[PDB]
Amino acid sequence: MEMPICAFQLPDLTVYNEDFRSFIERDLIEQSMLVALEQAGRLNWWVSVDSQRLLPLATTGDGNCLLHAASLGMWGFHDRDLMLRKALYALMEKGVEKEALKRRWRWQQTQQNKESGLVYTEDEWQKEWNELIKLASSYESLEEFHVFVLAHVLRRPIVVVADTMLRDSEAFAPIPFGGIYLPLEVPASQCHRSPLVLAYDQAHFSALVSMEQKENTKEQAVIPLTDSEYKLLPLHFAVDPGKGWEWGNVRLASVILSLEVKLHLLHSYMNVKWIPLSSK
């Protein structure tokens, strides 16, 4: 199967080794995240003729450790979260793409509501938006949209590896983090192409190293842009209805993205490669 993939930069461990402070349960947690993601077929699920094994690199922090993990995946140390948090805030509160980002959030949040018939009032819409802003101000876990905003802060696409559901013996709850986050409100010419790649499991974010890095230096690795069933990964908040679009289904049909359009967005913001692979 010819499937779309993309190269990404592995964490520079040389910086990591210098400043590691006790997180004794690191190996135990990392191992459980690896097994969970591999068994569910979300990580290292493919095989190709031309081999790598990605391993979750856990980190300490508050909540799901999104910013600590992002900092780890970007620079090899996690204490850059503070600068990320303020930048994430300023982009939402005073950013020039604020209105457009808000439209993207409300539109997707509206669609997810339609599946459960929970229609929110206008006052409730404005309340939920300020709760999003408050979560980024400077404890409580960041949400899906904050990952989308983080991509804009970095001006770099973000790929999150995760299961789709929380399961008991049999899904009972959804996991919204898995997929592709593109910096769509930043012109592609002003963005980096190589994605920040993170994993999510047991309510925690983590960076991703490769097994080969334990043996010697390895810079690049491969991450798939489809799931293990060869379906393109979800593009988070990829739909922006116009400023003239009124919230009050021919109209709804026009804004929804086709597979061709999704591929075009990926080509615009990522260096997509195609290799023959198959699932395990």
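Residue numbers here begin at 1 and follow the sequence given.
In the deposited sequence, the stretch from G248 to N249 hides 4 to 9 residues that have no coordinates. Count the deposited residues lacking coordinates between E219 and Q220 and you get none at all. The mean C-alpha temperature factor is higher for 238-246 when 238-246 and 24-32 are set side by side.
The mean Cα B-factor in the deposited entry runs higher for 80-88 than for the other of 201-209 and 80-88. Note on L263, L10, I256, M270: the highest value goes to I256, judged by CA B factor as recorded. Across the residues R103, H146, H192, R167, the deposited record lists the maximum Cα B factor for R167. When the modelled residues of the chain are ordered by their C-alpha B factor, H68 lands in the middle third.
Sorting the modelled residues of the chain by their CA temperature factor places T226 in the lowest third. In the deposited entry, the Cα temperature factor of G117 sits in the top third of values across the chain's modelled residues. Per-chain ranking of the deposited C-alpha B factor places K214 in the highest third.
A40: CA B factor in the middle third of modelled residues in this chain (values from the PDB entry).
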